Structures are given as C-alpha cells and as structure tokens.
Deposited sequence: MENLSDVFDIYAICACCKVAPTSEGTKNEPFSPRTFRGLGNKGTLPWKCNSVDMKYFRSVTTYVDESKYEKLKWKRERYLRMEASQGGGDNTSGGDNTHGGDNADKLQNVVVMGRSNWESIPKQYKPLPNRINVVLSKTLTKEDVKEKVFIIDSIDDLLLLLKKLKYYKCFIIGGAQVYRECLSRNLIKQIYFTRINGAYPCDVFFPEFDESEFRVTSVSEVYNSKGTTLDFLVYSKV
C-alpha cells in the first residue's frame, strides 16, 4: 500500500541559508527553517561545491546487486496482486535537465528521466525518458529494472511527490552559508519523517556543511 516503499522512491537535495533583502515582502530573518534555499535564477545559490557534488554523485550512483533480489520480489508480488546493468533512476524537471554541463548529460551511470510536457525525442539526442507527469513516472517504474529512484529536482517535482506521499527517504544536505535565493524547498509533515542519519560536519573552502537522512517512520 506504500508505493514509495514498494518502488524505493527517495528524494535528494541541497539547501543553504537564504540571504536577506532590504526590499520586498519576502524577507524572513527569523525563519524556523534555516535551510530552505534551493535555487537562484535558474542556477544553484552557491554556484559550485565539490563536496556536495561528490556526495550526490556517490549516493545517486551506488548500487548493491547483492540486494536487488529482495527488491525484485517486493515489486513482483505487488504487480501480481531484462538482464540490464543494474542502475538507479534520477528524475528531474526541465530546468534542471537544461542546466547540466554538456559533458555530464545524461548523468553517467544513471537512468535519467525528465518531467516535461514540452520537450520531444527529436530535440534531445541524449538517452533519457521524458514523462508528462508523476503518474507516468509510476507507470514507467512499474515496468523498468532499476535499484532505487531518486528525485533530484526541482521545487514542484518535490512538492508533488511529498503531498502524494511517494517519498520513503530524504537525503538533505545543509549548506552553511547565506546566498540570494528565489526558489525554496517545499514544507512537509516533519512528524512522518524522523532523522535517521546525522553525518559529521564537512568543509568546502571555509563553507561548512553536513548530510542528513530522514526516513518515513
């Protein structure tokens, strides 16, 4: 009855502290969420961060063949009632797909999926599934051999999956720095997600950061 568990749908993101503004109705100097800044002008708020990229890459790439068996059965039973290299699935919005550096798209060692009702195969020469909605993602997953399904961006992609309770875990990176932002991470029922992993602190050129993991418990 839990699709996020049956199809191992997780979410991964990186958020920073929002940089204040002296004009407008959007300045929150006492926000209860110190880390809510997701993007700024179609780009990352902090630009580049070697550690986070390394972490994100590792996480969304790692596969354990010695664990797929259990997963295959879990999905077979559900479906009831192709010798393809085992890989994870990454799901992104059109913007995110259009920002990836040419030499990184499609994401290496990963099955890429882009949510869009505008793009077409004719215009994208790279291998990647294009879907109209989350419902189509579900369909795709029901008939696709993969390890885990990672949602990597952006705002609305995250917001629809949460509200539809399709998220088993959340990989949350906390960038410790203030940056101007215009896109933020959506809010969710914190109560149904308990923090199950708290990493040590890390440093990326004076900018500290850490990695958390919440599990729908």
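Student: List in ascending order the stretches of the deposited sequence, numbered from 1, that lack C-alpha coordinates.
Tutor: No C-alpha coordinates exist for 1, 83-102.
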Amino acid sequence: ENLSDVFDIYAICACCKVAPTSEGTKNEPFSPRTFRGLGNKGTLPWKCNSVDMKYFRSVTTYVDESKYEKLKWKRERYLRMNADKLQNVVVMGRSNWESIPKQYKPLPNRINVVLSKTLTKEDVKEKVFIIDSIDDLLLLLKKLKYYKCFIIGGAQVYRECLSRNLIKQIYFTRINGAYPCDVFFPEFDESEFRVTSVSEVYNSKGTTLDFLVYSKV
From here on, numbers count along this sequence of modelled residues.
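Student: Regarding 145-153 and 47-55, which shows the higher C-alpha temperature factor on average in the entry?
Tutor: Stretch with the greater average CA B-factor: 47-55.
Student: Do the C-alpha atoms of 170-178 or of 30-38 have the higher average B factor in the entry?
Tutor: Higher mean C-alpha B-factor in the PDB entry: 30-38.
Student: Sorting the chain's CA B-factors, does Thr208 end up in the lowest, middle or highest third?
Tutor: Middle third of the chain for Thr208's C-alpha B-factor.
Student: Among the modelled residues of this chain, does the Cα B factor of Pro101 put it in the lowest, middle or highest third?
Tutor: According to the entry, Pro101 has a C-alpha B-factor in the chain's highest third.
Student: Within this chain, which third does the Cα B-factor at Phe185 fall in: lowest, middle or highest?
Tutor: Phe185: CA B-factor falls in the lowest third of its chain.
Student: Looking at the C-alpha B-factor of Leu138, is it in the lowest, middle or highest third of its chain?
Tutor: Its C-alpha B-factor belongs to the middle third of this chain's values.
Student: Within this chain, which third does the Cα B-factor at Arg159 fall in: lowest, middle or highest?
Tutor: It belongs to the lowest third of the chain when residues are ordered by C-alpha B-factor.
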